[PDB]
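Chemist: Turn this into a model:
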Amino acid sequence: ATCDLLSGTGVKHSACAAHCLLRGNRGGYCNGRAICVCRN
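Modeler: Numbering: from 1, shown residues only. Have a look at this structure:
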């Protein structure tokens, strides 16, 4: 997934973690290339 706020909202990069949480994952973190890496 991405950590970008390309979609407008999600300016707070915590949005990546939330995007993962919305799939039932434990959450996620952002890589320095704006890639979002979900946990299991």
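Chemist: Quick check: closest non-adjacent residue to the residue sitting nearest the centre point of the chain.
Modeler: Taking CA atoms, centre = their mean, the centroid of the chain lies closest to residue 16, which sits 1.1 Å from it. Excluding its sequence neighbours, the residue lying closest to residue 16 (CB to CB, 6 or more residues apart in numbering) is residue 36, at 3.6 Å. C-betas here are computed from N, CA, C, even on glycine.
Chemist: now that neighbour, what's its secondary structure?
Modeler: strand (DSSP: H, G, I helix; E, B strand; the rest coil).
Chemist: How about residue 29?
Modeler: strand.
Chemist: residues in contact with it?
Modeler: Listed by CB atoms under 8 Å, 6 or more residues apart in numbering, the contact partners of residue 29 are 16-17, 36-37, 39.
Chemist: Let's see if you can find the most crowded of these.
Modeler: residue 16 (25 neighbours; other CB atoms under 10 Å).
Chemist: all helices in this structure, in order from the N-terminus.
Modeler: 15-21 (DSSP state H).
Chemist: contacting residues for residue 4?
Modeler: 10, 34.
Chemist: what's the nearest residue to residue 25 if we skip its chain neighbours?
Modeler: residue 38 (4.4 Å).
Chemist: I'd like to know how far residue 38 sits from residue 24.
Modeler: 10 Å (CB to CB, to the nearest Å).
Chemist: Look at these two and report which has more neighbours.
Modeler: Neighbours were counted for residue 38 and for residue 24 using other CB under 10 Å; residue 38 has more, 18 against 8.
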